[PDB]
Structure formats: structure tokens, C-alpha cells
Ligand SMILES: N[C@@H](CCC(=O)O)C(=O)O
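The form deposited without the ligand is given below as one chain in C-alpha cells.
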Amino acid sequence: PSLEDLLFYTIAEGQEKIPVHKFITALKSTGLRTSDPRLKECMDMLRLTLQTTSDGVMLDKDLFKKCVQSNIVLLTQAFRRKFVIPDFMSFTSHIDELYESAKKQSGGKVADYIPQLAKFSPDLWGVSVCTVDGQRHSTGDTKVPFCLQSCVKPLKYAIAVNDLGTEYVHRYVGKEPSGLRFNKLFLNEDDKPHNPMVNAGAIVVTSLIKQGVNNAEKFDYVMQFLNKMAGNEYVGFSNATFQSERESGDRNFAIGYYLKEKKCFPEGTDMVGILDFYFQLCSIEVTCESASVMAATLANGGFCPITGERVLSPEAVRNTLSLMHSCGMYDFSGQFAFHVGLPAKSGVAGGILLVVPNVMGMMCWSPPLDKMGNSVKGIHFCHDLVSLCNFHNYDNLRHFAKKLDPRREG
């Protein structure tokens, strides 16, 4: 036997040769993009042969084997329906219906407290999916950059835990939701911020990362980390959002001074500098597509699904998912945990970073926010998604009534 040959026969369907377009089309139907970083050698060899061979455009068992040899494992998993969602085409058509249904929820108000948030249209709405196997889908405004804002909080907490361990980080920040009106206190009674997902907690976490080096390096370090989480897709920076965040951060300066007086930072912290670093981190830009890969990295135990690279330790990923479960959605976190049961994090630019553990990551984005600060369409989408699929953390994988399970076939 031979695996490249075994693939060859499955796609050849009996003909002597496989047209290249027929291989490309079958590959995309699995959900992979041809630009997948794990498929580069196969795509390079295909492009090279379609130069050497303008006598084609067809691959015999020879030529096919030459192209797929270096990525044969992933291609076999792709073609033998071994991905976490085997019938990805059916699933993306469900994603699209959920998208269109959320598209009609027109309520909410865009964040307008700084000019670069009232700038974004209330009609932008995009959702991107990235499975733990790298299968991709996007519908709507998914290549429009927007700032992570508080969607960055779980990402930088994961970085802190990855670099420093659970015990160190939670010497400085708690691990629990505060309560439906302790949402207003900066500190719990151990004089720690309640958890990493609130502003006082995120400010302390920001103060833990890459200590001793300057802010430009700290930022480069977190940015390269975000690059790996996103499989090197778009991670950027909105200096416009940064200038306004630093001009409108009286509440954060109030938090910073409160934390300083209560001795909440690591020894030797320049609190005013940390606030500026914190302001920078909330102005980091993503698209729905690149952010979906970040969420998928968290869905995938800390491995980036489109590169195969280990980005975060399991401990960092587990802790981050645990705190997104209970603290990720502002005052809606309890209701969201109950009704959706998925680790998620919202931001004031309208993003919702969503993790379906072991299945996929998602970024939902629509700027108009509800009274709690969460994107109206994203929240609607996340309720619909769990209504349709047995993705709720406490759905059962065997008995799930009439929910669809996209991990199954028939």
C-alpha cells in the first residue's frame, strides 16, 4: 500500500488522472483553505507543476504523490472526513443561517465615548469560524479591522499564566466572578481584583507581563504572541483608538491609583506606565478571521490550528476558558454561562471572542452594544448557536434531544 496512493484512488474515482481543480475543490470542501500554512509545500509543488506542466492540467498517481507527499497526513485527515466537523459544508450553511437571523436584530448603540468607536458602522456584522483542525468559514464583514478592546483580556491573561504560572498570577488577581453588584468594586476582600476579565484585574495582569523591559518591548512581545495565536493572520494596532483611550481613561487612572495605594502591583511597577501599556493592548486590532484563529487556539489546548504550533500551555488555556465561562460578558456573564455555556469574551468595539472547547473558535463582531456592553447581534448569534447545536458546556454528547451535533455524520 501507500497513503498518497490511497488518497489518489479516493479522489481519482477510477479515472487514470485527477484534474488539479478537482483536487482543489475537494480540498476546500473539507473546510481547509489552500493558503493553510500546513499545506504550503503541497500548494507550492502544485503551483510549480502547473508551470513545468502547461501540458495538463492533470495529475497521475506519480504527480499527485509528488505534490501531496509532505502534507499527506493532514490531507488524509481532511479527505477521510476525520476533522472535528466532518460535513463542514452543511455546518457552514447552518452558520450562515444563524448569521442572517442575527443580522435582523438592529437594536443596540455603538460605543461612542471616543471618536474611533462611533466611527464604526452599526450595520457591520461578521462571524468567522476556525475549527481545531483549521477549517475556516466567514460570513459578513469579517476582514474589517476592529480593536480587541476587552477581548484582549483573556489573551493577555493566558500569556501571563503561560509565562508565570497559575500560582504567581493569582497571587495578584482572583479567580471568581464578583457578584451582580460587586461589579462596581475594584478589589475583593483579599485586596485583589476579582478576576482577570474586569478592568482592575486586567490592569494588574498587564503589570505582570515581561516585567523589567520597557513598554515598546512588552508590546512587541505580546504582539508576537498574538501573531502565533492567530497563525500570523492580521494583528494590528489602532493608534487613533489608543490616543482616545489614553485621553478618556479617568476610570482606569482611578483604578491604577487605587491599585497602587493597595499594593496590588508587583514590586517595582510604574503604574502610570502600565496604564499606557494597558491602553495600547486595548487598541490592538484584529479582523473576525484572524481573531477566530486566536479563539481556535484556545479551543485547541493552546496549539494554533492552522500552524500546528504550541502557543500557550494547557494550564494557561484551561484557566482562561474557566474565567471566560464565568466572567467574560460583563454583567451578562451569569446569564450567558447558564443559557449559552460557552467561554466567551466581549469588547466595547462589538467583538465577541467565542470558544467551543475541542471544536472551534469564533470571533463575532457587530459594533452596536446592548445596555450591558455586549454586541446585540453577537449575543443573539451565541444563543442561536447553542439552541441549534449541542455545544453548551453541559449539553450531553450522546443524548441531546433535537439539537444538531456537527461532530457526527448520520
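Start at 1 and count along the sequence shown; that's the residue number.
Student: With respect to the recorded C-alpha B factors, which stretch has the higher mean value, 209-217 or 139-147?
Tutor: Of 139-147 and 209-217, the stretch with the higher C-alpha B-factor average is 209-217.
Student: Test of understanding: from the entry's C-alpha B-factors, which stretch has the higher mean, 90-98 or 71-79?
Tutor: 71-79 has the higher mean C-alpha B-factor.
Student: Going by the entry, which of 103, 156, 262, 170 has the most elevated CA B factor?
Tutor: Checking the PDB record, the top C-alpha B-factor among 103, 156, 262, 170 is at 103.
Student: Among the candidates 320, 232, 244, 199, give the one with the maximum CA B-factor reported in the record.
Tutor: Among 320, 232, 244, 199, the PDB entry lists the largest C-alpha B-factor for 244.
Student: For residue 41, does the deposited CA B-factor place it in the lowest, middle or highest third of the chain?
Tutor: As the PDB entry reports it, the C-alpha B-factor of residue 41 lands in the highest third of its chain.
Student: Hey, what third does residue 225 fall into on Cα B-factor, ranked over its chain?
Tutor: Within its chain, residue 225 is a lowest-third residue by C-alpha B-factor, going by the deposited values.
Student: Which third, lowest, middle or highest, does the C-alpha temperature factor of residue 185 belong to within its own chain?
Tutor: Within its chain, residue 185 is a highest-third residue by C-alpha B-factor, going by the deposited values.
Student: Can you tell me which third, lowest, middle or highest, the CA B-factor of residue 33 falls into for its chain?
Tutor: For residue 33, the deposited C-alpha B-factor lands in the middle third.
Student: Relative to the other modelled residues in the chain, which third contains the C-alpha temperature factor of residue 374: lowest, middle or highest?
Tutor: It belongs to the middle third of the chain when residues are ordered by C-alpha B-factor.
Same protein, other form: the form solved in complex with the ligand, not shown, and the subject of what follows.
Student: Can all three of 252, 278 and 282 be found with a heavy atom no more than 4.5 Å from the ligand in the bound PDB entry?
Tutor: All three within 4.5 Å in the bound PDB entry.
Student: Using a 4.5 Å heavy atom cut-off, which of 359-367, 63-71, 39-47, 346-354 contacts the ligand in the bound PDB entry?
Tutor: Residues of 346-354 come within 4.5 Å of the partner.
Student: Just to be sure I understand the contacts: of 330, 219, 303, 79, which is the one whose heavy atoms reach within 4.5 angstroms of the ligand in the bound PDB entry?
Tutor: Checking each option against the ligand in the bound PDB entry, the one that comes within 4.5 Å is 330.
Student: Of the residues 150, 162, 195, 290, which one places a heavy atom within 4.5 Å of the ligand in the bound PDB entry?
Tutor: By the 4.5 Å heavy-atom cutoff, the listed residue in contact is 150.
Student: According to a 4.5 angstroms non-hydrogen atom cut-off, is residue 257 in contact with the ligand in the bound PDB entry?
Tutor: No, residue 257 is distant from the partner.
Student: Decide whether residue 133 counts as a contact residue for the ligand in the bound PDB entry under a heavy atom distance cut-off of 4.5 Å.
Tutor: Residue 133: no contact with the ligand in the bound PDB entry.
Student: Since only the chain is shown here, I'm wondering whether residue 199 would be in contact with the ligand in the bound PDB entry (any heavy atom pair within 4.5 Å).
Tutor: Flag for residue 199 set to yes.
Student: Sequence order please: the residues of 107-124 with a heavy atom within 4.5 Å of the ligand in the bound PDB entry.
Tutor: Only 113 sits within 4.5 Å of the partner.
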